[PDB]
Every structure is written in C-alpha cells, then in structure tokens.
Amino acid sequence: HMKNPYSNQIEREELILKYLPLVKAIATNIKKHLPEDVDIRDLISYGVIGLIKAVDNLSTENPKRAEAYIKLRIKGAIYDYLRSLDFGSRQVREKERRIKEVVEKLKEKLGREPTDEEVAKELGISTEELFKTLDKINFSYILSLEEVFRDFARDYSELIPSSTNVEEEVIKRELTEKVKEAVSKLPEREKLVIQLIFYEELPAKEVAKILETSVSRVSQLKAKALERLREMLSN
C-alpha cells in the first residue's frame, strides 16, 4: 500500500525522535572510556548522523531488529569519528612505553605499587595529564578491538534481515561462544578488571577504588586484557 509524502516525513521524524535517548545512552557509555577532554556533544552529534542514516536505510519490520540495527549504526558513526582522531598515533604508543618503564622502575625502587601522584611526578606532569594519557592509550586498544567486532557485525548485519529468529539465535550463539573462548584465556586479575569495567560499567577511576590500587595499575591491566582479546579474536 502506497504512502503519502507528509506521512513518510513524519514517520521518519518520530523514528529519529524516538531513538535520540539511545544516542545519549551510547555516547555516555563510550564517554566512560574516553579522556575527560572529549566533548560528549561531539559524540552525540556524530551519533545522530548515524541514527538518521540508519532510519533512512531501514526496511526491516521486526522492531527489536530495527533497534539493534539503529544501535549498531550509532556506535559505528561514533567510532568512525573517534578513529579519525589521533588515538593510534605513534606519540601515544611512545608515551605508553615511557609510562610502563616508569611504573616498573618505581615498583622495584619502592617494593610496592606506585601511586598516580608518584607516577606523574617521575614523568614531570600533573595527575590530570597522566589520567588523560592513560585514557588515550586505553582507548586505542578499545578502537583496535572495535575493528574486530565491526568485522563480525559487517557480516551478520547482512544476514539477519533475511534470516529467521532461530537462525539469528544461532548466528548470535556463534559470536558469544567465539568471545567466550578468548575470555577464558585471560588471567584472573585481568578478567576481574574487565568484568568491573564492562559488565559492571565502571570507569577505571572507580575500579581503582574497588581494587584498592592506582589508576595506572588498573589501566595497564585493562590495556593488556584488551590487547590479548584482539589477538585472540583475530586468530
């Protein structure tokens, strides 16, 4: 049954409007892993562009499926923008090396784990500068891991629309089991940090308080865990 132009226009706007809270939720969740300096309005901005494009290229009539697709495009547009930034730059990777060295040097020299104030001191920077750097470093590993997950999504987002619910469940199970295999090969300490960060949805700063350690420590554990997962899932 044909549809009038005013109707198409309105259905579209209502659909966009309907999912704006979703863009907020996604931007906020991603913000927990980004340096404080990244403006959530930028994330939301790109996230809305992603939302509008998803709505236009929509034809699936299984609401839950439309939503899962919308969610996927929003995350995609936000990571598309974040990846165009300097996260994977050489300067960031260099700072990561310098920091690991400094941390290890202080560990032996003190017999214990250094504090963030002590790490920033041996580096000659403020703790705010350090927290930013650790966030950029950690986000680089998030980006790299996202590339892997996107490879999977790029494939299954082409099948699910013409697949049955039972088949979708199978495709989804193959993904969960593939991730479960990699997760099982993480050290207890790393796995615990990953759970508190992603399953409990807690920023590194909060995880530091729970584990009674420094932010620098929680960060190396997160980066190591994220690095492992990428290699594991890539092979």
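Counting begins at 1, following the sequence as shown.
- Taking the mean C-alpha B-factor of each stretch as recorded, 60-68 and 42-50 are not equal, and the higher mean is that of 60-68.
- As recorded in the PDB entry, 214-222 is the stretch of 19-27 and 214-222 with the greater mean C-alpha temperature factor.
- When the CA B factors of the chain's modelled residues are split into thirds, the value for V193 lands in the middle one.
- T115: CA B factor in the middle third of modelled residues in this chain (values from the PDB entry).
- Among the modelled residues of its chain, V179 has a C-alpha B-factor that falls in the highest third according to the deposited record.
- When the modelled residues of the chain are ordered by C-alpha B-factor, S84 sits in the middle third.
- Split the chain's modelled residues into thirds by C-alpha temperature factor. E96 is in the middle one.
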